file run-v5.txt (compact mmCIF, N, CA and C atoms and all ligand atoms)
# COMPACT_ATOMS: atom_id res chain seq x y z
N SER A 1 -20.78 -65.68 25.06
CA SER A 1 -22.04 -66.42 24.97
C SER A 1 -21.89 -67.83 25.53
N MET A 2 -23.00 -68.40 25.98
CA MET A 2 -23.00 -69.72 26.59
C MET A 2 -23.10 -70.80 25.52
N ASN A 3 -22.77 -72.02 25.92
CA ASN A 3 -23.18 -73.18 25.15
C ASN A 3 -24.69 -73.36 25.28
N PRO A 4 -25.34 -73.90 24.26
CA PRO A 4 -26.70 -74.36 24.44
C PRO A 4 -26.71 -75.58 25.34
N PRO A 5 -27.85 -75.90 25.95
CA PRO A 5 -27.96 -77.20 26.59
C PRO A 5 -27.68 -78.30 25.59
N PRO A 6 -27.08 -79.40 26.02
CA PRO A 6 -26.82 -80.50 25.09
C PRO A 6 -28.13 -81.07 24.58
N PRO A 7 -28.14 -81.79 23.44
CA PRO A 7 -29.38 -82.33 22.89
C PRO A 7 -30.01 -83.33 23.87
N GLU A 8 -31.34 -83.39 23.89
CA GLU A 8 -32.07 -84.30 24.81
C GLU A 8 -31.64 -85.74 24.51
N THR A 9 -31.39 -86.53 25.56
CA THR A 9 -30.95 -87.94 25.37
C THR A 9 -32.05 -88.91 25.84
N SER A 10 -33.06 -88.41 26.54
CA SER A 10 -34.17 -89.25 26.95
C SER A 10 -35.44 -88.41 26.89
N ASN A 11 -36.49 -88.98 26.33
CA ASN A 11 -37.80 -88.33 26.35
C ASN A 11 -38.76 -89.26 27.07
N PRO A 12 -39.16 -88.94 28.30
CA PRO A 12 -40.01 -89.85 29.08
C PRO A 12 -41.40 -90.06 28.50
N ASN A 13 -41.76 -89.31 27.46
CA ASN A 13 -43.07 -89.42 26.83
C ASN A 13 -43.06 -90.23 25.54
N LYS A 14 -41.90 -90.76 25.14
CA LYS A 14 -41.78 -91.54 23.91
C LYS A 14 -41.89 -93.04 24.19
N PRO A 15 -42.57 -93.79 23.33
CA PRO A 15 -42.51 -95.26 23.43
C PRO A 15 -41.12 -95.76 23.08
N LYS A 16 -40.82 -96.98 23.54
CA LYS A 16 -39.48 -97.54 23.48
C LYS A 16 -39.53 -98.97 22.96
N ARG A 17 -38.49 -99.35 22.21
CA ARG A 17 -38.38 -100.73 21.74
C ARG A 17 -36.92 -101.05 21.47
N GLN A 18 -36.63 -102.34 21.45
CA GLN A 18 -35.37 -102.87 20.96
C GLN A 18 -35.59 -103.54 19.61
N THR A 19 -34.67 -103.29 18.68
CA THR A 19 -34.69 -103.93 17.37
C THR A 19 -33.27 -104.34 17.01
N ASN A 20 -33.14 -105.26 16.06
CA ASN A 20 -31.80 -105.65 15.63
C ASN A 20 -31.07 -104.48 15.00
N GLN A 21 -31.78 -103.62 14.27
CA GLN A 21 -31.13 -102.47 13.66
C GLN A 21 -30.61 -101.50 14.72
N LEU A 22 -31.36 -101.31 15.81
CA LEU A 22 -30.87 -100.43 16.87
C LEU A 22 -29.71 -101.07 17.63
N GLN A 23 -29.75 -102.39 17.84
CA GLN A 23 -28.59 -103.08 18.40
C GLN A 23 -27.36 -102.87 17.54
N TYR A 24 -27.51 -103.01 16.23
CA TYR A 24 -26.40 -102.82 15.31
C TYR A 24 -25.86 -101.39 15.37
N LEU A 25 -26.76 -100.41 15.44
CA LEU A 25 -26.32 -99.02 15.46
C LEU A 25 -25.49 -98.71 16.71
N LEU A 26 -25.89 -99.26 17.86
CA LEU A 26 -25.13 -98.98 19.08
C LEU A 26 -23.87 -99.84 19.17
N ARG A 27 -24.05 -101.15 19.04
CA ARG A 27 -22.97 -102.15 19.30
C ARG A 27 -22.01 -102.39 18.12
N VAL A 28 -22.35 -101.94 16.92
CA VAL A 28 -21.45 -102.12 15.78
C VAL A 28 -21.06 -100.77 15.21
N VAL A 29 -22.04 -99.95 14.83
CA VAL A 29 -21.73 -98.69 14.15
C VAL A 29 -21.11 -97.69 15.12
N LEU A 30 -21.85 -97.32 16.17
CA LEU A 30 -21.31 -96.35 17.12
C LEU A 30 -20.04 -96.88 17.77
N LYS A 31 -20.03 -98.15 18.17
CA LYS A 31 -18.86 -98.70 18.84
C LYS A 31 -17.62 -98.62 17.96
N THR A 32 -17.76 -98.95 16.67
CA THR A 32 -16.62 -98.90 15.77
C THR A 32 -16.06 -97.48 15.66
N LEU A 33 -16.94 -96.49 15.54
CA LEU A 33 -16.47 -95.11 15.43
C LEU A 33 -15.94 -94.61 16.76
N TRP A 34 -16.57 -95.03 17.87
CA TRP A 34 -16.20 -94.55 19.19
C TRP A 34 -14.77 -94.90 19.56
N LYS A 35 -14.28 -96.03 19.07
CA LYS A 35 -12.91 -96.49 19.43
C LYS A 35 -11.89 -96.10 18.35
N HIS A 36 -12.32 -95.34 17.34
CA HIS A 36 -11.40 -94.91 16.26
C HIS A 36 -10.43 -93.86 16.82
N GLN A 37 -9.26 -93.70 16.20
CA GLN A 37 -8.25 -92.72 16.70
C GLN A 37 -8.69 -91.26 16.47
N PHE A 38 -9.62 -91.01 15.54
CA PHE A 38 -10.12 -89.65 15.23
C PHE A 38 -11.48 -89.42 15.89
N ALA A 39 -11.88 -90.27 16.83
CA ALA A 39 -13.22 -90.11 17.44
C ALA A 39 -13.27 -88.99 18.48
N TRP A 40 -12.14 -88.61 19.07
CA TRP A 40 -12.21 -87.73 20.23
C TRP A 40 -12.88 -86.37 19.98
N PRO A 41 -12.74 -85.71 18.82
CA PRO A 41 -13.46 -84.43 18.65
C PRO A 41 -14.96 -84.59 18.55
N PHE A 42 -15.45 -85.81 18.40
CA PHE A 42 -16.86 -86.06 18.14
C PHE A 42 -17.54 -86.83 19.27
N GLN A 43 -16.84 -87.03 20.39
CA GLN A 43 -17.41 -87.85 21.49
C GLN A 43 -18.29 -87.03 22.45
N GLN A 44 -18.39 -85.72 22.25
CA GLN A 44 -19.15 -84.87 23.15
C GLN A 44 -19.51 -83.59 22.40
N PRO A 45 -20.52 -82.85 22.86
CA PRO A 45 -20.87 -81.60 22.19
C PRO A 45 -19.68 -80.64 22.16
N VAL A 46 -19.60 -79.86 21.08
CA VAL A 46 -18.56 -78.84 20.99
C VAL A 46 -18.74 -77.85 22.13
N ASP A 47 -17.73 -77.74 22.99
CA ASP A 47 -17.76 -76.77 24.08
C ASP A 47 -17.19 -75.47 23.54
N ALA A 48 -18.07 -74.63 23.00
CA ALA A 48 -17.65 -73.37 22.40
C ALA A 48 -17.17 -72.37 23.43
N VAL A 49 -17.50 -72.57 24.70
CA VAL A 49 -17.02 -71.68 25.75
C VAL A 49 -15.56 -71.97 26.07
N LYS A 50 -15.26 -73.22 26.46
CA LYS A 50 -13.89 -73.58 26.80
C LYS A 50 -12.96 -73.47 25.60
N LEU A 51 -13.44 -73.79 24.41
CA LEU A 51 -12.63 -73.71 23.20
C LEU A 51 -12.61 -72.32 22.59
N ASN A 52 -13.41 -71.39 23.12
CA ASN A 52 -13.51 -70.02 22.64
C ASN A 52 -13.83 -69.97 21.14
N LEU A 53 -14.97 -70.55 20.80
CA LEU A 53 -15.51 -70.52 19.44
C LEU A 53 -16.87 -69.83 19.48
N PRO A 54 -16.90 -68.51 19.67
CA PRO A 54 -18.19 -67.83 19.90
C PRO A 54 -19.13 -67.85 18.70
N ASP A 55 -18.65 -68.19 17.51
CA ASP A 55 -19.51 -68.24 16.33
C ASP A 55 -20.06 -69.63 16.04
N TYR A 56 -19.64 -70.65 16.79
CA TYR A 56 -20.03 -72.02 16.45
C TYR A 56 -21.55 -72.19 16.47
N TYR A 57 -22.19 -71.79 17.56
CA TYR A 57 -23.63 -71.99 17.68
C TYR A 57 -24.43 -70.85 17.06
N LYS A 58 -23.75 -69.88 16.44
CA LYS A 58 -24.42 -68.98 15.50
C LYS A 58 -24.53 -69.61 14.12
N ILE A 59 -23.61 -70.52 13.80
CA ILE A 59 -23.59 -71.20 12.51
C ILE A 59 -24.27 -72.56 12.58
N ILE A 60 -24.09 -73.28 13.68
CA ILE A 60 -24.59 -74.64 13.83
C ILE A 60 -25.82 -74.58 14.74
N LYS A 61 -27.00 -74.72 14.14
CA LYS A 61 -28.26 -74.67 14.87
C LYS A 61 -28.83 -76.05 15.18
N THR A 62 -28.27 -77.11 14.59
CA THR A 62 -28.66 -78.48 14.91
C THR A 62 -27.42 -79.26 15.33
N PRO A 63 -26.84 -78.93 16.48
CA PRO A 63 -25.63 -79.64 16.91
C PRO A 63 -25.92 -81.11 17.17
N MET A 64 -24.92 -81.95 16.91
CA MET A 64 -25.03 -83.37 17.20
C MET A 64 -23.63 -83.93 17.33
N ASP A 65 -23.51 -84.98 18.15
CA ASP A 65 -22.22 -85.58 18.47
C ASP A 65 -22.44 -87.03 18.85
N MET A 66 -21.35 -87.81 18.87
CA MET A 66 -21.47 -89.24 19.15
C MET A 66 -21.77 -89.53 20.61
N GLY A 67 -21.35 -88.66 21.54
CA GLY A 67 -21.75 -88.85 22.92
C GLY A 67 -23.26 -88.77 23.09
N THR A 68 -23.88 -87.80 22.43
CA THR A 68 -25.33 -87.69 22.43
C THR A 68 -25.99 -88.90 21.77
N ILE A 69 -25.48 -89.31 20.61
CA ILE A 69 -26.05 -90.47 19.91
C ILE A 69 -25.92 -91.72 20.77
N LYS A 70 -24.76 -91.92 21.39
CA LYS A 70 -24.55 -93.06 22.28
C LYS A 70 -25.57 -93.08 23.41
N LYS A 71 -25.77 -91.93 24.07
CA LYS A 71 -26.75 -91.85 25.15
C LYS A 71 -28.17 -92.06 24.64
N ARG A 72 -28.48 -91.50 23.47
CA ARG A 72 -29.81 -91.71 22.88
C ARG A 72 -30.08 -93.20 22.66
N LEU A 73 -29.11 -93.92 22.10
CA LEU A 73 -29.28 -95.35 21.90
C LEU A 73 -29.40 -96.08 23.23
N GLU A 74 -28.55 -95.73 24.21
CA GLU A 74 -28.58 -96.42 25.49
C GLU A 74 -29.86 -96.15 26.27
N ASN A 75 -30.53 -95.02 26.00
CA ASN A 75 -31.78 -94.67 26.65
C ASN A 75 -33.00 -95.02 25.81
N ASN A 76 -32.80 -95.68 24.67
CA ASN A 76 -33.90 -96.11 23.79
C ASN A 76 -34.70 -94.91 23.29
N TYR A 77 -33.98 -93.82 23.03
CA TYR A 77 -34.56 -92.59 22.49
C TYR A 77 -35.08 -92.78 21.07
N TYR A 78 -34.41 -93.64 20.30
CA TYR A 78 -34.80 -93.83 18.88
C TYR A 78 -35.70 -95.05 18.72
N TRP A 79 -36.81 -94.87 17.99
CA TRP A 79 -37.74 -95.98 17.66
C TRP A 79 -37.32 -96.56 16.31
N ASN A 80 -36.90 -95.67 15.40
CA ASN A 80 -36.51 -96.06 14.02
C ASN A 80 -35.01 -95.84 13.81
N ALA A 81 -34.38 -96.76 13.08
CA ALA A 81 -32.93 -96.70 12.79
C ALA A 81 -32.63 -95.40 12.04
N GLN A 82 -33.59 -94.93 11.23
CA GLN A 82 -33.42 -93.70 10.41
C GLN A 82 -33.15 -92.50 11.31
N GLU A 83 -33.81 -92.42 12.46
CA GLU A 83 -33.62 -91.27 13.39
C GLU A 83 -32.16 -91.21 13.84
N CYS A 84 -31.57 -92.36 14.16
CA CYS A 84 -30.15 -92.43 14.59
C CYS A 84 -29.21 -92.11 13.42
N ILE A 85 -29.51 -92.66 12.24
CA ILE A 85 -28.67 -92.42 11.03
C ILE A 85 -28.70 -90.92 10.69
N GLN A 86 -29.86 -90.28 10.84
CA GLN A 86 -29.97 -88.82 10.58
C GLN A 86 -29.04 -88.07 11.55
N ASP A 87 -28.97 -88.49 12.81
CA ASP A 87 -28.10 -87.80 13.81
C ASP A 87 -26.62 -87.94 13.40
N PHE A 88 -26.19 -89.13 12.99
CA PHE A 88 -24.81 -89.27 12.52
C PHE A 88 -24.55 -88.33 11.35
N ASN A 89 -25.47 -88.28 10.39
CA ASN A 89 -25.28 -87.44 9.22
C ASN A 89 -25.29 -85.96 9.59
N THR A 90 -26.14 -85.57 10.54
CA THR A 90 -26.11 -84.19 11.03
C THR A 90 -24.76 -83.85 11.65
N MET A 91 -24.21 -84.76 12.46
CA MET A 91 -22.90 -84.54 13.05
C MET A 91 -21.85 -84.27 11.98
N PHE A 92 -21.82 -85.09 10.93
CA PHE A 92 -20.82 -84.88 9.89
C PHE A 92 -21.08 -83.59 9.12
N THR A 93 -22.34 -83.35 8.75
CA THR A 93 -22.69 -82.14 8.01
C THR A 93 -22.26 -80.88 8.75
N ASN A 94 -22.46 -80.86 10.07
CA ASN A 94 -22.03 -79.73 10.89
C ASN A 94 -20.54 -79.48 10.74
N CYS A 95 -19.74 -80.55 10.80
CA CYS A 95 -18.30 -80.41 10.62
C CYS A 95 -17.96 -79.76 9.29
N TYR A 96 -18.61 -80.19 8.21
CA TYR A 96 -18.28 -79.66 6.89
C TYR A 96 -18.86 -78.27 6.66
N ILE A 97 -19.90 -77.88 7.40
CA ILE A 97 -20.39 -76.51 7.35
C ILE A 97 -19.40 -75.56 8.00
N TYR A 98 -18.92 -75.93 9.19
CA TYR A 98 -18.14 -74.99 9.98
C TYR A 98 -16.68 -74.91 9.54
N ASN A 99 -16.13 -76.00 9.02
CA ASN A 99 -14.70 -76.10 8.76
C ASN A 99 -14.42 -76.12 7.26
N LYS A 100 -13.14 -76.03 6.92
CA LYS A 100 -12.70 -75.81 5.55
C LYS A 100 -11.87 -76.98 5.04
N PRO A 101 -11.79 -77.16 3.73
CA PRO A 101 -10.90 -78.19 3.18
C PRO A 101 -9.47 -78.00 3.66
N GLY A 102 -8.81 -79.11 3.97
CA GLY A 102 -7.48 -79.07 4.52
C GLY A 102 -7.41 -78.95 6.03
N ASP A 103 -8.52 -78.65 6.70
CA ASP A 103 -8.52 -78.63 8.16
C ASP A 103 -8.35 -80.04 8.70
N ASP A 104 -7.63 -80.16 9.81
CA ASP A 104 -7.38 -81.49 10.42
C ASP A 104 -8.72 -82.13 10.80
N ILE A 105 -9.65 -81.34 11.32
CA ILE A 105 -10.99 -81.87 11.73
C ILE A 105 -11.72 -82.44 10.50
N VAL A 106 -11.58 -81.80 9.34
CA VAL A 106 -12.25 -82.28 8.09
C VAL A 106 -11.68 -83.64 7.67
N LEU A 107 -10.36 -83.80 7.71
CA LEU A 107 -9.73 -85.10 7.35
C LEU A 107 -10.20 -86.17 8.35
N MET A 108 -10.30 -85.82 9.63
CA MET A 108 -10.79 -86.76 10.67
C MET A 108 -12.26 -87.11 10.42
N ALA A 109 -13.10 -86.12 10.11
CA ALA A 109 -14.50 -86.40 9.81
C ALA A 109 -14.65 -87.26 8.57
N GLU A 110 -13.86 -86.98 7.53
CA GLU A 110 -13.94 -87.76 6.30
C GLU A 110 -13.59 -89.22 6.55
N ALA A 111 -12.57 -89.48 7.37
CA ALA A 111 -12.20 -90.86 7.67
C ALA A 111 -13.29 -91.55 8.49
N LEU A 112 -13.84 -90.84 9.48
CA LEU A 112 -14.91 -91.42 10.28
C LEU A 112 -16.16 -91.67 9.45
N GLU A 113 -16.47 -90.76 8.53
CA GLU A 113 -17.67 -90.93 7.70
C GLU A 113 -17.52 -92.10 6.74
N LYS A 114 -16.31 -92.29 6.20
CA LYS A 114 -16.05 -93.45 5.36
C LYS A 114 -16.33 -94.74 6.12
N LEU A 115 -15.86 -94.82 7.37
CA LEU A 115 -16.11 -95.99 8.21
C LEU A 115 -17.59 -96.12 8.55
N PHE A 116 -18.24 -95.01 8.89
CA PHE A 116 -19.67 -95.01 9.14
C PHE A 116 -20.44 -95.61 7.96
N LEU A 117 -20.10 -95.17 6.75
CA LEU A 117 -20.79 -95.66 5.56
C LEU A 117 -20.57 -97.16 5.38
N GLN A 118 -19.33 -97.62 5.58
CA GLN A 118 -19.05 -99.05 5.45
C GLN A 118 -19.90 -99.86 6.43
N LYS A 119 -20.06 -99.37 7.65
CA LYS A 119 -20.86 -100.09 8.64
C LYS A 119 -22.35 -99.97 8.35
N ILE A 120 -22.82 -98.77 7.99
CA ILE A 120 -24.25 -98.59 7.78
C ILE A 120 -24.71 -99.29 6.51
N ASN A 121 -23.80 -99.52 5.56
CA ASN A 121 -24.14 -100.28 4.37
C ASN A 121 -24.38 -101.76 4.67
N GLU A 122 -24.09 -102.22 5.89
CA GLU A 122 -24.40 -103.58 6.30
C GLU A 122 -25.46 -103.62 7.40
N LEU A 123 -26.30 -102.59 7.47
CA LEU A 123 -27.42 -102.56 8.39
C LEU A 123 -28.27 -103.82 8.23
N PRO A 124 -28.59 -104.53 9.31
CA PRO A 124 -29.31 -105.80 9.18
C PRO A 124 -30.78 -105.59 8.84
N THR A 125 -31.45 -106.72 8.60
CA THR A 125 -32.82 -106.67 8.10
C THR A 125 -33.79 -106.17 9.16
N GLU A 126 -34.78 -105.43 8.70
CA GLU A 126 -35.85 -104.94 9.55
C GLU A 126 -36.79 -106.08 9.91
N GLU A 127 -37.41 -105.95 11.10
CA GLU A 127 -38.38 -106.94 11.62
C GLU A 127 -39.78 -106.64 11.08
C1 LIG B 201 -9.06 -77.13 19.25
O1 LIG B 201 -10.14 -78.04 19.40
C2 LIG B 201 -10.14 -78.84 20.51
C3 LIG B 201 -9.14 -78.85 21.46
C4 LIG B 201 -9.24 -79.69 22.55
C5 LIG B 201 -10.34 -80.52 22.67
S1 LIG B 201 -10.45 -81.61 24.05
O2 LIG B 201 -10.95 -82.86 23.58
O3 LIG B 201 -9.21 -81.56 24.75
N1 LIG B 201 -11.58 -81.01 25.05
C6 LIG B 201 -12.99 -81.15 24.66
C7 LIG B 201 -13.84 -80.92 25.87
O4 LIG B 201 -13.59 -79.64 26.45
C8 LIG B 201 -12.24 -79.55 26.85
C9 LIG B 201 -11.30 -79.71 25.69
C10 LIG B 201 -11.35 -80.53 21.73
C11 LIG B 201 -11.26 -79.67 20.63
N2 LIG B 201 -12.26 -79.57 19.65
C12 LIG B 201 -13.25 -80.43 19.35
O5 LIG B 201 -13.55 -81.40 20.04
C13 LIG B 201 -14.04 -80.10 18.15
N3 LIG B 201 -15.02 -80.95 17.71
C14 LIG B 201 -15.64 -80.43 16.61
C15 LIG B 201 -16.71 -81.19 15.91
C16 LIG B 201 -15.06 -79.19 16.35
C17 LIG B 201 -14.04 -78.97 17.33
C18 LIG B 201 -13.25 -77.69 17.34
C19 LIG B 201 -12.74 -77.27 15.97
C20 LIG B 201 -13.73 -76.52 15.10
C21 LIG B 201 -15.20 -76.84 15.36
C22 LIG B 201 -15.52 -78.31 15.28
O6 LIG B 201 -16.15 -78.75 14.33

call {"tool": "encode", "arguments": {"input": "run-v5.txt", "output": "C-alpha cells", "more": "lines below"}}
Ligand SMILES: COc1ccc(S(=O)(=O)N2CCOCC2)cc1NC(=O)c1[nH]c(C)c2c1CCCCC2=O
result
Amino acid sequence: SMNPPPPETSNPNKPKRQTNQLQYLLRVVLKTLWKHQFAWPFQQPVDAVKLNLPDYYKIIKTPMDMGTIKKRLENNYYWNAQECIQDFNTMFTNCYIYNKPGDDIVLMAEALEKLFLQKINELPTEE
C-alpha cells in the first residue's frame, strides 16, 4: 500500500495573520523541539513504504508530524494558536496509539512532549 499524501501545508482560500502566539509556536516551541536529539523520527511524515509499516495508516487516520507543523506555521496556515497546539498533540497521540511502553520511540516522544509542555505553558498573551 502507498503512503497517503502528506497533510496540506497551505490553503490558498484561508485568511492569514501574524500573532505573537504564532511567532512563539514557530520560533520557540517548534524550534526547541526541532533541534532536540530525539526530533528526527518526528521531522517528517512516517514513510510507511520505505520503512515497511503497512499497518501504520490503517491505524493512524490523522497523521501529523513536526515537518508538517513547521511548514504550516511558515505558510501562515494557522489563524489560532489552538490549531497548531492540536497538531502537536495529534502527533504525540499517534505515537502512543501505534507503539508500546518500553519502545525507544515512546521514550523519545515522552521526552519531546515534556519539553513541548514546558514551552507551551509559557505561551504569551493573546492580542
Ligand atoms: C525504524 O524507524 C525508522 C528508521 C529510519 C528512519 S530515517 O529517519 O532514517 N528515514 C526517515 C525517512 O525515510 C527514510 C528513513 C526513520 C524511522 N522511523 C521514524 O521516523 C518513525 N517516526 C514515527 C513517529 C514512527 C517511526 C517508525 C516506528 C514506528 C512508527 C512510528 O511511530

call {"tool": "residues_near_ligand", "arguments": {"input": "run-v5.txt", "ligand": "ligand LIG 201 (chain B)", "cutoff": "7 Å", "atoms": "only N, CA and C atoms and all ligand atoms", "output": "PyMOL selection string"}}
result
chain A and resi 40-47+50-51+56+94-96+98-99+105

call {"tool": "residues_near_point", "arguments": {"input": "run-v5.txt", "point": "(-39.4, -111.1, 10.6)", "cutoff": "12 Å", "atoms": "only C-alpha atoms", "output": "JSON, numbers by chain"}}
result
{"A": [19, 20, 124, 125, 126, 127]}

call {"tool": "closest_residue", "arguments": {"input": "run-v5.txt", "among": "A:123, A:22, A:106, A:66", "to": "residue 91 in chain A", "atoms": "all atoms listed in the file"}}
result
A:66

call {"tool": "select_by_dssp", "arguments": {"input": "run-v5.txt", "residues": "chain A", "states": "helix (DSSP H, G or I)", "output": "PyMOL selection string"}}
result
chain A and resi 20-34+40-42+56-59+66-74+81-98+104-120
